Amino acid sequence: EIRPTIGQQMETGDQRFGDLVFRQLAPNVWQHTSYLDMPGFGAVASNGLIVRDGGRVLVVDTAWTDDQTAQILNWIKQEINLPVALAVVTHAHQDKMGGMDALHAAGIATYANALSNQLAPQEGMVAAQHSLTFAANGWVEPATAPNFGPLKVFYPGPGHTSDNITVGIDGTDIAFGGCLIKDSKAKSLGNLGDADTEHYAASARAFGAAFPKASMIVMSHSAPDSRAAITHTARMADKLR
């Protein structure tokens, strides 16, 4: 088993599949986890989501690489055997967007914040094929998110990056904070190299307010947590200003 240097460990409830780990969170929601082996440091886990919506599946975030992302698609084919309608990626960094080419080879429509698509080439990423735009209060413009089923996309403001977005899963008590939110026991806010240290706290809190009844908070580098992950992230971010 994979014991990452950074990221949650495997526990009861986890399925190893290839180089990845999958965990069912709800009857129709699974967390995908993939690992980047960094030289001299060991594996860094990154999480995203798989959502069944009737006869189709929706994905939030790629794995770190194209091969890992193809493995996600193979797990979905094995375990669910329904087509992937679209994927939403939550900002233009490798943990979230490093597998875009596997999605595109598979014929899956991809969506990202317009700003993530504008940044991606500068980051050595491939842009998603469609751009999401957002209102002044952070809610996605619904015409840019056609047929998203239960995915409710919200741009909370700059934080981990200027383009980070978040996704609520309607019909469940789950919301996904991506790299913006760290868990309730975290000692750090992770990589702040692209962060907006003035606005981070307010953006973390805005994500909480967008999904006020979400009780299970999913994030990129820890196991799903309570709402304390939001409040503790904001308290850590208050110290950056």
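Numbering starts at 1 and follows the sequence shown. Only the largest set of C-alpha atoms that superpose within 1.5 Å between the two forms is called the rigid core.
Visitor: Which stretch is less alike in 6 other deposited structures of this protein, 38-46 or 205-213, counting RMS CA distance after the rigid core is superposed?
Guide: With the rigid core superposed, the C-alphas that lie farther in 6 other deposited structures of this protein are those of 38-46.
Visitor: Got a sec? Mean C-alpha B-factor, which is higher, 117-125 or 68-76?
Guide: Going by the record's values, the stretch with the higher mean is 117-125.
Visitor: Test of understanding: from the entry's C-alpha B-factors, which stretch has the higher mean, 229-237 or 14-22?
Guide: Averaged over C-alpha atoms, the B-factors run higher in 14-22.
Visitor: From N28, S34, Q31, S184, can you pick the one with the highest C-alpha B factor in the entry?
Guide: In this record, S184 carries the highest C-alpha B-factor of the candidates.
Visitor: Kindly indicate the residue among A63, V60, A43, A206 with the greatest C-alpha B-factor in the PDB record.
Guide: Max CA B-factor in the entry, restricted to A63, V60, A43, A206: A43.
Visitor: Among the modelled residues of its chain, does the C-alpha B-factor of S215 lie in the lowest, middle or highest third?
Guide: Its C-alpha B-factor, which the entry lists for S215, ranks in the middle third among residues of this chain.
Visitor: Relative to the other modelled residues in the chain, which third contains the C-alpha temperature factor of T172: lowest, middle or highest?
Guide: Middle third.
Visitor: Check where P156 lands among this chain's C-alpha B-factors and tell me if it's the lowest, middle or highest third.
Guide: According to the entry, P156 has a C-alpha B-factor in the chain's lowest third.
Visitor: Ranked by Cα temperature factor within the chain, is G99 in the lowest third, the middle third or the highest third?
Guide: For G99, the deposited C-alpha B-factor lands in the middle third.
Visitor: Can you work out whether the C-alpha temperature factor of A201 puts it in the lowest, middle or highest third of the chain?
Guide: Middle third - that is where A201 ends up once the chain's C-alpha B-factors are sorted.
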